[PDB]
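Chemist: Chains as they are written, first to last, in the UniProt record's numbering: chain A, 164 to 228, 249 to 389, 442 to 807; chain B, 164 to 228, 250 to 382, 444 to 807; chain C, 164 to 220, 301 to 377, 464 to 488, 510 to 523, 566 to 584, 599 to 613, 627 to 807.
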Ligand SMILES: CC1(C)CN(C(N)=O)c2ccccc2N1Cc1ccccc1
Ligand SMILES: CC1(C)CN(C(N)=O)c2ccccc2N1Cc1ccccc1
Ligand SMILES: [Zn+2]
Ligand SMILES: [Zn+2]
Ligand SMILES: [Zn+2]
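What follows is the structure, encoded as C-alpha cells:
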C-alpha cells in the first residue's frame with residue numbers, strides 16, 4: 164500500500180454544492196456526447212468513465228465492438264465481392280444492397296451521422312467552454328489534482344522506487360516505448376533526398444518542400460520514389476527492430492487529389508516489402524483543399540472526400556478490386572489531419588455551410604469540416620468492416636498545437652486520441668474533460684519549443700502530474716534532434732528539464748502503448764496478459780516497471796473525481 | 164562586414180573614471196598574477212591579454228609562442265642524464281647528480297616561493313570582496329550581454345547566410361571534443377557489477454591491491470570500445486580522466502603498462518590524470534604517513550621517467566598521450582583550514598584532516614611546473630593543470646585556479662563572483678561545463694550560467710561529466726549539445742563556436758588541430774578562423790575579438806592615465 | 164551630452180532591404196490610414212510621425308490592416324525592431340544611468356512629488372465605498474483630496511475641480569471625449599450585441628471630443644486594429660504584446676496607453692507578465708492609472724501606490740517614474756494653458772527642446788534618447804520607401 168491523501172470534510176470538492184452541480188451536470192452531458200460519437204465510430208471510450216456514466220445513463224452503453252504478410256498477393260484467397268453499392272450523399276458514404284443498375288438497390292441501414300445533431304452537440308460544448316462559473320470549478324479541480332500528485336510523491340516516492348529496485352530486470356532501457364506521433368516523410372535526410380532528387384532528374388534526362448513531395452506521389456509511378464522511401468523506412472524498421480523495446484507509429488500521406496493514391500501506396504508497401512512488427516501506419520489527410528481548388532485540380536470538396544474514402548469502401552466490399560489495399564489496411568489503424576493549425580479560420584462549420592458537393596469556392600473548409608466528414612465516412616467504413624471481420628479504424632488528429640481552442644471541442648467528440656494539445660492549458664473546461672475521459676495526448680515538446688511553445692512553457696509536466704494520458708513522441712526525428720535515437724533524446728530533455736522520476740518515465744512509456752494501434756496479442760506480451768484490466772490489476776511491474784502504487788493513485792484519483800461529478804448529478 | 168555597436172563620448176565605461184581607474188589597476192594586477200604563474204608553469208596565457216599587459220609593464224613578459253604502444257625498446261629511448269631528485273618543502277628539486285660527485289648542486293629550476301603565492305592570493309582574495317570593483321565588473325558583464333543581443337539582432341542573418349555559403353560544413357562535419365569526461369564513468373554498472381562473477446572505493450583498490458590483469462583487460466575493452474565509437478564518428482573526440490590516487494608509487498607504472506599491454510590508444514582520446522583529494526581517508530587507514538608521501542607517489546615516477554626514460558619504460562610512452570592533471574572531490578565538502586604560511590607543510594601534514602583545495606592545487610602546480618621545465622629541456626611533452634573548479638563550495642576556489650590553472654571544469658560559481666567572471670573573460674580561461682550533470686545534482690538546468698558565459702564571450706565548451714549516466718542516448722556529447730541548443734534556444738554560430746572552443750581548449754597536437762581548424766588557428770581573431778572548417782562565420786569571431794580588445798583597452802587606458 | 168549607441172554597417176535594421184521595404188510599405192500605409200481618420204474625427208495625430216509621413220505624400304482599410312497584422316514575414320521585421328528598441332534602452336541605461344540620476348539631482352527643486360501626474364483611467368462609480376453605499466458627496470472629497478494634492482490630478486469617467515476632468519463612458523451592451573467600457577473577454581461571433603468593431607465605427611467620427632476607449636484588455640486582438648484607426652488614447656493595452664505589428668505602429672504613432680498594472684493582476688493578467696515595463700523601455704507612450712481606486716489599492720494615495728508597486732516590482736529608476744508622470748500629463752485632456760504651467764510654455768516642442776527638468780524632473784538625456792530613437796526608426800521606415 165501507500166500513503167493515501169484523504170480529503171475528509173463537507174465541501175470535499177471545495178465549492179458549494181450549488182456550484183458543483185452546475186459544472187457536474189454539464190460535464191456529464193459533455194462526457195455523454197463523446198461516448199455517443201465514439202460508439203458511432205466503433206472507437207474507444209474510457210471504461211472507468213463509462214462504468215460511472217452507466218449510473219446516470221438512460222440508455223445502455225458498453226464495449227460491444249511467420250511469412251512476410253504482403254508476400255502472398257492472391258486475390259483468390261481474399262473475401263469475395265458482396266455486390267454492394269457505394270455512393271456518397273451529403274458528404275457521408277452510403278452503402279447499398281446492389282452494385283449495378285441491373286438489380287434493385289436498397290440502402291444498408293448503417294448509423295449514418297446527422298449533421299444537425301452534430302451542430303447541436305458542438306454548440307452545447309462551445310457554450311460550456313465559456314461559462315465562468317464552470318471554468319472556475321474545472322480550474323480548481325485541475326489544481327487539486329496536481330497538489331494531490333505532489334503529496335503522493337512526497338509521501339510515497341521512495342515506496343515507488345523500492346518496488347522498482349525489486350524486479351531489477353526491468354528498466355526504462357528495456358520497457359516497451361512507442362513513438363506515438365512521427366511523420367514518415369520526415370525520416371528522410373534532406374541532404375540525401377536532394378541527392379536522390381538531383382540524380383532522378385538526370386535519370387528522366389537519360442529544402443525540398445513537402446509540396447514537391449506530394450506531387451511526386453500523385454504525378455509519378457513512384458518506381459524511383461518508392462525505392463528511396465522504401466529503403467529509408469525499412470532501415471528505420473530494422474533500427475527500431477534491433478531496439479526490441481522501441482516502436483513507431485509512422486504517418487503516411489493520402490492527399491485526396493486522385494483516387495489511385497490509396498492503390499499507389501499499397502503497391503509501395505507490397506512491392507518493396509515495407510512491414511515491421513513495430514511500425515504501425517496512420518494516414519494523414521493534409522488539409523490543402525484551398526491549394527487544390529485554386530489550381531483547378533478538384534472541383535468539389537466531395538471529390539477529395541471521395542478519392543480518400545471510396546477506395547477504402549470498395550476494398551471492404553470486393554477485396555480483389557484493390558488486392559494490395561486489402562492487405563495494406565490490416566496494418567493501417569486510422570486517419571490523421573495535418574496542416575498549419577496557426578492559420579486563421581473565417582468560416583464556422585454550421586448547418587448554414589456549403590456541403591462537400593456545394594463547396595466549390597477556393598476557400599478552405601474549417602477544421603471541424605475536415606474532421607466531421609472524416610469521422611462520418613470512417614464510422615460507416617468501420618461499421619461495414621466490422622461485419623466482415625476487418626480492421627476497425629480510428630481518428631487521431633493534430634489538435635491543439637496552435638490556432639483556436641475550439642479545435643479541441645471537435646476532437647473531444649470525434650477523436651480517440653489527439654496530438655500536441657498545447658492549448659488545453661488555456662481551457663480549464665476542456666482539460667478537465669480530457670482527464671475525466673482519459674483521452675490520449677501524444678506530445679512532442681521538442682518540436683514545440685522551436686516553433687510554438689518554449690520547453691519551459693510546455694504543459695506536458697502538468698498534464699502528466701494531473702493524470703492526463705500523456706506520451707512522448709518525436710514529431711520530426713531528424714530536424715529537432717541531434718542524436719541517432721530521437722525517441723530516447725525526447726525522453727531525456729523532458730526527464731532532465733522537468734526532473735522526472737523513473738516511475739514518471741515508465742508511466743509515459745506505458746501510456747505510449749495504451750494509446751497505440753497495436754494488437755491485443757502484442758500488447759499482452761508487451762504489458763502482460765491483463766493489460767486490458769483497468770487499475771492496479773492491469774499492471775505488472777515485471778513488464779512495465781511502473782509500481783502498482785502509482786497505478787493505484789491514478790486509478791483512485793480518477794474514480795474519486797468521476798464519483799464527485801456523478802454523485803452530484805444524483806443528489807439534485 | 165557586420166553592424167558594429169560603438170559607444171560615443173568620454174564615460175564609455177558607464178561609471179566615474181575613479182571607479183574605472185580603481186577597478187582597472189586591480190584587474191591589471193590580477194592579470195599579471197596569472198601571467199606570472201602561467202609562464203613559470205610553461206602553461207598558456209591569452210596572447211591578446213598579454214599584448215595589452217606588455218604596454219603597462221616595465222619588463223618584457225615571459226609568455227611567448250605505427251601504433252605508439254606497439255614496441256617498447258629502452259635502448260632506443262632517450263638517455264639517462266643521472267640527475268638526482270629530492271622533494272624539499274613539497275616541491276621536487278633536481279640535483280646535478282645522485283651518486284657521489286664533485287658537487288650535487290641544485291639545478292637552477294625556477295622553484296616556487298610560497299610567501300609570494302600567499303601574498304598574491306591575499307591580494308586577489310581582497311579584490312573579489314571590494315564592492316566598488318564588484319559593481320564596476322557587474323556593469324561591464326551586463327554590457328557584454330547587451331552588446332551580444334545587438335549583434336544577433338543586427339547580424340544573425342548575415343552570420344546564417346555565411347554558414348550557408350559553405351554547405352560542406354555543418355555541426356556534424358565539424359570536429360568536437362568532449363573536454364571533461366571521466367573514463368571510469370564509461371563502464372556499465374550492471375556489466376561491471378556482474379563482472380565480479382561472484444563504489445569508487447572498490448575500483449580504487451582493484452587498481453592498487455592487485456595486478457589489474459582481469460581488471461585492466463576488462464576496463465581496457467570498455468574504453469577501447471569508446472575509442473572505436475569515436476573513430477567511426479570521426480568528428481567526436483574526448484579527453485578522458487584516469488585516476489592516480491597517490492597511495493603507492495607503482496600506480497603510474499601500473500597505468501602505463503595497462504595502456505601499453507591492452508593498447509588503449511586512439512587518435513581521438515587524449516589522457517588527463519585526476520588525483521582524487523582523499524588524503525584524510527588514506528591517513529585514517531594508515532596507508533600514507535605524511536601528505537608529502539602522496540605528492541611523492543604522484544610526481545617522483547614522472548620525474549624519474551623524465552630523467553631516466555628506461556627506468557619507467559611504458560611511462561615514457563604513456564606520457565606522450567597524457568596532457569595534464571586534474572583534481573576531483575565533492576567540492577561541496579566544507580573547508581576548515583586556510584592555506585597560509587602558518588599551515589603545515591606536506592612532510593608535516595600527519596593529521597587526519599584533508600588539506601584545503603589550494604593546498605592540493607599549489608603543490609600539484611609547483612611540482613608540475615618544475616617537471617615541465619625539465620621535460621621541455623629534454624624535448625618531452627609538457628603538462629597542464631585543469632582542475633575541477635566552481636561546481637560548488639566557496640567562491641575562493643576560483644581564485645586558486647585563476648592563478649594556477651590553464652582550464653577549469655564546471656565553473657558554476659562565477660555567476661556569484663562578478664570580478665572573477667570579468668577576469669576569466671579578459672584572461673580567456675577555458676570553462677568545460679556539463680549542464681546536464683549540474684541539473685541532477687547542484688544547479689537547475691535553466692539557472693546554469695552557460696548562456697551568460699557564452700553570450701559575454703568566455704571560452705565555454707560543452708562536455709559530458711558522466712557519459713553513461715545522465716544521458717539516455719549513446720552519443721552523449723551530442724545529447725549534451727541538444728538540450729543546451731534547445732533549452733536556451735541557440736543558433737549554429739553558438740553551437741559551432743562551442744565546438745571550436747572545445748578544440749581550442751583541448752590538449753590535442755598542433756598538427757591535428759591544424760588539420761581540424763586550419764593551418765593558422767594559432768592566429769588571434771578572425772584571421773585564425775576558416776569557415777570551411779569551423780562553420781563559424783568571421784562575423785562572430787570579429788565581434789568576439791573586437792569586444793575583448795576594446796574591453797582590454799578600457800582597462801589598459803585607465804591605468805596608463807596615471 | 165550623453166553616451167550614444169551608434170550602429171554602423173549595412174543591415175542596420177537587421178534584415179535585407181527587400182524585407183525592410185516589404186514591411187515599410189505596409190507600415191507607411193497604415194500610418195497614413197490613421198492620420199486621415201484622426202484628421203476627420205478631430206482627434207490628435209503624432210507630430211513627429213506626421214512630419215516624416217508628409218515627405219512621402301473604412302472596411303477596406305480595415306481589411307488592409309487586418310492583413311498586415313497577420314503578414315508573418317512583416318511580423319518578423321516588427322519583432323526584430325521592437326527587440327532592438329528594448330536592447331538599445333538597456334545599453335542606454337547602463338552607460339547613462341549614472342549621469343541621468345546626477346542630472347535629476349542637479350535640480351533638487353523637482354522630485355517625484357513636485358512633478359505633475361494625471362490618473363488617466365479611473366471610474367467614478369468605483370470612488371464610492373460599497374459598504375457606505377449600503464453621489465456628489467464621494468466625488469466632492471475625491472476632488473477635494475485631489476485639490477489638497479497640489480501636484481496630483483486625475484480624469485474621471487461618468488457613465510468644477512481644476513484637477514478633475516470628465517470623459518463619459520458608454521457600455522457596449566469640461567468633458568473631453570468618450571470611452572467604450574465592457575468586459576472585453578466576451579467572445580465575438582459576428583463580424584462587422600453589436601460587436602466591438604461596431605460601436606467604435608459610429609463613435610469614431612461623430613465629433627472637440629476625442630475617443631479614448633477601453634481597448635486591449637483581453638478578447639480579440641483586432642480591437643487594437645480598430646483603436647489604431649478610431650482612437651487617440653487607449654486603456655489597458657495588454658494585447659499589443661501579442662501583436663508585434665500593432666505595437667510597432669503604436670510606438671511609431673506615439674499612441675497613448677493608459678495601463679492599470681495593479682488591477683490587471685486581479686483578473687486579466689499577472690504583475691510579472693504585465694507588458695508595461697517592456698513598453699516603457701521601447702519608448703511607447705505609457706501612463707499609470709488606477710482602474711478602481713479602492714478595490715485593488717490598500718492605501719490612501721492609490722496612484723502613488725500604483726506607481727510604487729510598478730517601481731519596486733520592475734526596479735524602475737527616478738527617470739522611469741518621472742518619465743511616466745510627464746506621459747500622463749501630455750496625453751491628458753487638458754489645455755495648452757494648463758500645460759503651459761504644469762509642464763511649461765515649451766511643452767509643445769517635441770524632443771529635448773520641450774523638456775524642462777525644473778518642471779518634469781526628467782533629464783534631457785532620456786528625452787534625447789527617446790526622440791532620437793523614434794526619429795531614426797521612422798527614417799528607416801520612410802527613407803526606405805523614398806528611394807524605392
Ligand atoms: C510523399 C512521399 C514523400 C511519402 N509518401 C506518402 N505516401 O506519404 C510516399 C509513398 C510511396 C512513394 C512515394 C512517397 N512520397 C513521394 C516521394 C518519396 C521519395 C522521394 C521523392 C518523393
Ligand atoms: C579504477 C579503474 C576502474 C580505472 N582505472 C584508473 N586508473 O582509473 C584502471 C586502470 C587500469 C586497470 C584498472 C583500473 N580500474 C579498476 C577496475 C577496472 C575494471 C574493473 C574493476 C576495477
Ligand atoms: Zn506532427
Ligand atoms: Zn567531473
Ligand atoms: Zn476600466
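Virtual Cβ for every residue (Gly too), placed ideally from N, Cα, C.
1. Report yes or no: is there a C-beta of chain A within less than 9 Å of the C-beta of residue 724(B)?
2. Please indicate yes or no: does the CB of residue 573(B) lie closer than 8 Å to some heavy atom of ligand 4?
3. Starting from residue 624(A), follow the beta strand (DSSP E) in both directions and report where the run begins and ends.
4. Quick check on residue 718(B) - is its C-beta less than 9 Å from some C-beta in chain A?
5. With DSSP as the reference, please indicate the residues paired to residue 516(B) in a beta bridge.
6. Listed from N- to C-terminal order along the chain, which residues in the stretch 567-591 of chain A have their beta-carbon within a distance smaller than 7 Å of any beta-carbon of chain C?
7. How close, in whole Å, do the beta carbons of residue 706(B) and residue 747(B) come, if the pair is a contact with beta carbons under 8 Å?
8. If you draw a straight line from the alpha carbon of residue 295(A) to that of residue 585(A), how long is it in whole angstroms?
9. Ligand 1: which residues have Cβ under 6 Å from any of its heavy atoms, chain order?
10. Compute the Euclidean distance between the alpha carbons of residue 781(B) and residue 765(B), then round it to the nearest angstrom.
11. Answer yes or no: does any C-beta atom of chain C fall closer than 9 Å to that of residue 313(A)?
12. Pull up the distance between the alpha-carbon of residue 576(B) and that of residue 338(B), whole angstroms please.
13. Suppose you measure from the CA of residue 752(B) to the CA of residue 188(C); what does that come to, to the nearest Å?
14. Any C-beta of chain B sitting closer than 9 Å to the C-beta of residue 355(A)?
15. Taking 9 Å as the threshold (beta carbon to beta carbon), is residue 349(B) in contact with chain A?
16. Would you verify that the beta carbon of residue 796(B) is, or is not, closer than 9 Å to some beta carbon of chain C?
17. Does DSSP classify residue 595(B) as helix, strand or coil?
18. For residue 710(C), is the beta carbon positioned less than 8 Å from some heavy atom of ligand 5?
19. With DSSP as the reference, please indicate the residues paired to residue 270(A) in a beta bridge.
20. What span of residues does the alpha helix (DSSP H) with residue 201(A) cover, start to end?
21. Which value, in whole angstroms, describes the spacing of the CA atoms of residue 578(A) and residue 602(A)?
22. Let's test the definition: count the other Cβ atoms within 10 Å of the Cβ of residue 709(A) and tell me whether it reaches 16, buried, or not, exposed.
23. DSSP state of residue 675(B), grouped into three classes?
24. Check this for me: beta carbons of residue 570(B) and residue 609(B), under 9 Å apart or not?
25. List, from N- to C-terminal side, the alpha helix (DSSP H) runs of 4 residues or more that fit wholly inside the stretch 723-791 of chain B.
26. Show which residues of chain C have a CB atom less than 7 Å away from the CB atom of residue 169(B).
27. Entirely within the stretch 495-559 of chain B and at least 4 residues each: give me those alpha helix (DSSP H) ranges in chain order.
28. Report yes or no: is there a C-beta of chain B within less than 9 Å of the C-beta of residue 443(A)?
29. Assuming residue 620(A) contacts residue 253(A) under a Cβ cut-off of 8 Å, what Cβ separation, rounded to an integer in Å, is found between them?
30. Throw me the rounded Cβ distance for the residue 166(B) and residue 171(C) pair, which I believe falls under 8 Å.
31. Can you grab the Cα-Cα spacing for the pair residue 364(B) / residue 643(A), in whole Å?
32. What residue range is occupied by the uninterrupted beta strand (DSSP E) comprising residue 707(A)?
Modeler: With the given structure in hand:
1. yes
2. yes
3. Taken as a continuous stretch (DSSP letters only), residue 624(A) belongs to no beta strand (DSSP E), as it is neither H nor E.
4. yes
5. 485(B), 567(B)
6. 579
7. 4 Å
8. 18 Å
9. 368(A), 448(A), 449(A), 451(A), 452(A), 457(A), 460(A), 461(A), 463(A), 464(A), 487(A), 488(A), 500(A), 503(A)
10. 15 Å
11. yes
12. 41 Å
13. 55 Å
14. yes
15. no
16. no
17. coil
18. yes
19. 277(A)
20. 180-203
21. 10 Å
22. buried
23. strand
24. yes
25. 737-749, 755-762, 776-779
26. 169, 171
27. 496-506, 524-530, 536-552
28. no
29. So it is not a contact: roughly 19 Å between Cβ atoms.
30. 7 Å
31. 47 Å
32. 705-707
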